[PDB]
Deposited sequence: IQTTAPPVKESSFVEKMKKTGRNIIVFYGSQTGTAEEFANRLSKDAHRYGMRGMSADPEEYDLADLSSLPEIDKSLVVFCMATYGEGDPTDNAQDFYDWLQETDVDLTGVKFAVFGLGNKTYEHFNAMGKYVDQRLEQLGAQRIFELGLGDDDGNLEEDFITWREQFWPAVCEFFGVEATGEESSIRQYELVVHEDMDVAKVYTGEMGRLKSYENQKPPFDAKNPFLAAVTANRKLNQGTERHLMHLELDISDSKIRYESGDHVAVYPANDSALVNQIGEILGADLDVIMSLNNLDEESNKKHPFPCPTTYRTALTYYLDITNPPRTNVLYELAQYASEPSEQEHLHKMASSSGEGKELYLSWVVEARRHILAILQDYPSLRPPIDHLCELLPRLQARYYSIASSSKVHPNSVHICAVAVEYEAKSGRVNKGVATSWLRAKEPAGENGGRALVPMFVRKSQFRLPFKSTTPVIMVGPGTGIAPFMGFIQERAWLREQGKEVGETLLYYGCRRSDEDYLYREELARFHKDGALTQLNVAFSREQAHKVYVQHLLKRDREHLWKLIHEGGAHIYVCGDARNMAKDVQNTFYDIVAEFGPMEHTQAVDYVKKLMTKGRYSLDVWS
């Protein structure tokens, strides 16, 4: 589909670069690591560039040996269920079918994954193994970053041993540099000043299909209601009008949205830095050759950049703090910031507890290290991009073809840093009033789907907000019964804390149950009694019937929600069911369930 760029090898020859770092990223982490590695090259006398594999034809890897002392690095994150990130899907398909000989190619791979997921770092492992099979030579061990511990630390550790290994192999030997230049614009046509749009200038005001990540559709918020009964937390239900957008979706899909940071937080960053956020400007790449002309849409004001384009709420990465150290006039403070990039020792410890664990955002660090007064433009060049957030569409297109429903809990907690942290997208979404309140969005097709046959039994497990996609599933299955179709059993295993505090969609669910769309509404109230009652407890309670639906009914199992503990607990209970009724040994029940996943009968929509 995408028109590829001309050979990245030729571009390297023209720009005197010998190292190219590709990033397979869904949410920007692999992208940032790749930019860092690429920039590191310069410190070791080499010259590098980072690149998006989706924009090039990786077959040109076979020409890479034409450049002396050349090397290619892949920072690859895994996504979905042991799948490539969207921007790496093309590269992935090529690796599987090509037969190209990579003799002479030198490579290294750093994988980004999460040990709590079924297939840990599947993509990274695949690319690393495949390049070798194709004939290339590994110049450094595969990196296995784990987002469940601390991914940043894994990268640091890996990066520390990578460069020395690269220098050693090519016999090469080992000062703050800016990637962009500030150009302040005096009196310009507002008609050419970005105000928050993501792609084509003025694309938010002048909407034109097709709509997607690059060209989001600004959907009107037709409804935004509180879902939970109690006041402990704030759970919400929003309905986005996608009429006339020509966007198509199915239950199980995700809808992404581009939020705006908290304006007040943006005002304080400017204030504490003594900068005018209303200045119109551009940050242009000092490398007039790169396709990346700006770190974000330019020209624009800092206010706009800090509001729609930059992430100012997550814990700054170590390289960011490292580059800011130069701006801290107080020695001890400059020392602390500088040591955040350590692979061990008290500097690493301080980074892990004072920045990560305490969840200190950029503003917090500015306040707690008062001698740190970085210029606003450099900071903007260092902050990562503000990512879209995904939400499991909570409606069926068979019933609501022109509306996309969202079920989310607002994020707001007391951090160890002493302040209250707000979730960017949920705080933004929560404040949208139906009145128009517009939400930039797009739909990403998923593989979470109802069975094709209406008669196939369905087993849905989704505690808390994990119920989201199932509301769509249920509406659709109820729709099929109404349409005169023959629908098999539909069981919902939901869980909340108290039926009078956070029982989401209580009225809607009662209805579906009553009318027969829901064969069974099994709800685990985790806090109404002294002991915990979870969804897996209900599954174990119904083990005999569930086995029957699975073994003889060809039922489809779906799990949605917390991927950290809930998914595994639920999965283990399924192991116990299969093990007991097969019967078989645990190890065989585990195989059994894993095959259900390959056969498309055990799907997951788990979050982290």
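According to the record, no C-alpha positions are given for deposited positions 1-5, 180-183, 445-449, numbered from 1.
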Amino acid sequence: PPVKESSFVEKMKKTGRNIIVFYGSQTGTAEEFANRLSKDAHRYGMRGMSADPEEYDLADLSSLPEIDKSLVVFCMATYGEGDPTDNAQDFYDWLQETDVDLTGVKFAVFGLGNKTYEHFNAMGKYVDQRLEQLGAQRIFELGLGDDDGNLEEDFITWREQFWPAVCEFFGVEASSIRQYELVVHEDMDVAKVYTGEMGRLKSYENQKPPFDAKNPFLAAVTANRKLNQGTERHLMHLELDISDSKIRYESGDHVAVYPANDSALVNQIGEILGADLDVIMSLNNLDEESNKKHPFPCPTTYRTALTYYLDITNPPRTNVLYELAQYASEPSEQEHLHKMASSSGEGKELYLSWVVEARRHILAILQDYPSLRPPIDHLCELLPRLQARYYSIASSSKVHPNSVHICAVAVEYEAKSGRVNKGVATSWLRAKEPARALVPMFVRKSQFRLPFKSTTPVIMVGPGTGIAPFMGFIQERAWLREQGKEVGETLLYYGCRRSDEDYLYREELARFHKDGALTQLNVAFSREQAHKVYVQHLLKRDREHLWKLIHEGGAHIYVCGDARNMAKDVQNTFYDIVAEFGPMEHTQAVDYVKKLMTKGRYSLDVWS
From here on, numbers count along this sequence of modelled residues.
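Just so we're on the same page, rigid core means the largest C-alpha set that superposes within 1.5 Å between forms.
Annotation: of the segments 252-260 and 87-95, 87-95 departs further from this form in 5 other deposited structures of this protein (C-alpha atoms, root mean square over structures and residues, core superposition). Of the two segments examined, 302-310 and 194-202, it is 194-202 that shows the higher average Cα temperature factor in the deposited entry.
The stretch with the higher mean CA B factor, choosing between 517-525 and 206-214, is 206-214.
For the set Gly113, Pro259, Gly171, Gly462, the PDB entry puts the maximum C-alpha B factor at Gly171. Residue set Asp128, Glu289, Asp253, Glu153: peak C-alpha B-factor at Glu289 (per PDB entry). Looking at the C-alpha B-factors along this chain, the one for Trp163 belongs to the middle third. In the PDB entry, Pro583 places in the highest third of its chain by CA B-factor. Among all modelled residues in its chain, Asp562 ranks in the middle third by Cα B-factor. Among the modelled residues of its chain, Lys540 has a C-alpha B-factor that falls in the lowest third, as given in the PDB entry. Split the chain's modelled residues into thirds by C-alpha temperature factor. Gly45 is in the highest one.
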